[PDB]
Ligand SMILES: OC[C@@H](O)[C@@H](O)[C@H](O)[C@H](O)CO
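There is one chain below, alone, in structure tokens, taken in the form solved without this ligand.
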């Protein structure tokens, strides 16, 4: 019931008690681990509300206070009468910060308490949503000195009036299937791009076309908006030693902003809640650039480097991988756009993990996601045992809207 985690590099042992406050289910059983699987009423709502308000009042050191009992009473009446309830600004801010604190797949959580929360619960239309999003984009980007932020649209009601951002991230590049047979641009975005085209987007059909936003308000049909080009900060990719690198014609955007997830606070569901921080280098240089089903550039780069590509054991892929990642970090730093390398990021996460163990009794962490996709064992998180469990408030996956939405 009390659990130990060991670091095998340092021999440091930490004791986890926080997992006992765990609510949601993992996908694992006593018989089968699913650790590497990507996706494994009024009566219902009040326990969820109480659970949350209890942790909220405990955090401000007012547990069992009159003001605690009063709010619990208030929320109870509101659920009974209206079948839902509304969070106070304080509770919303606390909830959003804690959903991030609880994000077991996020290596950047040392930052969790420094989060700007934009309350967009007064939004009613897709145009309103677009305005809120541009303001988020501009605030967070901050001329390259990035600041974490989340923008929170109205909560789910009867589930027929959902707010959704149809994009998976606020800023992404289009993907196009070619007559040739190949894919132009980002192969991850082919289906979304087609939906944009079908809804009327005039596609430039280039390699790096910033997708339009497809915004859904109050369960209405989604609408298209183009983010002002001047608000989308992009970085051309060059290498500090290879002058040919720029000739590859590569660039990426500065703002990673996940827009397809669901924020659950006190049993309330925020289906539209785009949030953003800043990139760890490997996200672009390893995953976006080198996944075979993404921009898949390893071969071209290796060729420019004149590596022996005849045999896997020359480690030509590995050599080119390192260089691509050097070029990403270098280009972002030169243009003064916040980026973190995987050594620095994982080192900070270990410090955060120890902070969380001593101050909270644990830190839920998904090792499979936390360990960077290159140089795993030369980062300290590789050697760190982690326990994975689900705490609430949380960010949840949700089905893509085009499968749910009735037009």
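Numbering follows the first chain given and starts at 1.
Although not depicted, the form solved in complex with this ligand is the subject of the following passage.
Checked against this ligand in the deposited complex, the residues 199, 191, 296, 226 give one hit for a heavy atom within 4.5 Å, which is 191. A single residue from the set 260, 333, 319, 218 has any heavy atom within 4.5 angstroms of this ligand in the deposited complex; that residue is 260. With the partner left out here, this ligand still marks one of 300-308, 164-172, 201-209, 228-236 in the deposited complex; by a 4.5 Å heavy atom cut-off that stretch is 164-172. Contacts between stretch 373-404 and this ligand, counted in the deposited complex as any heavy atom lying within 4.5 Å, involve 400, 402, listed in sequence order.
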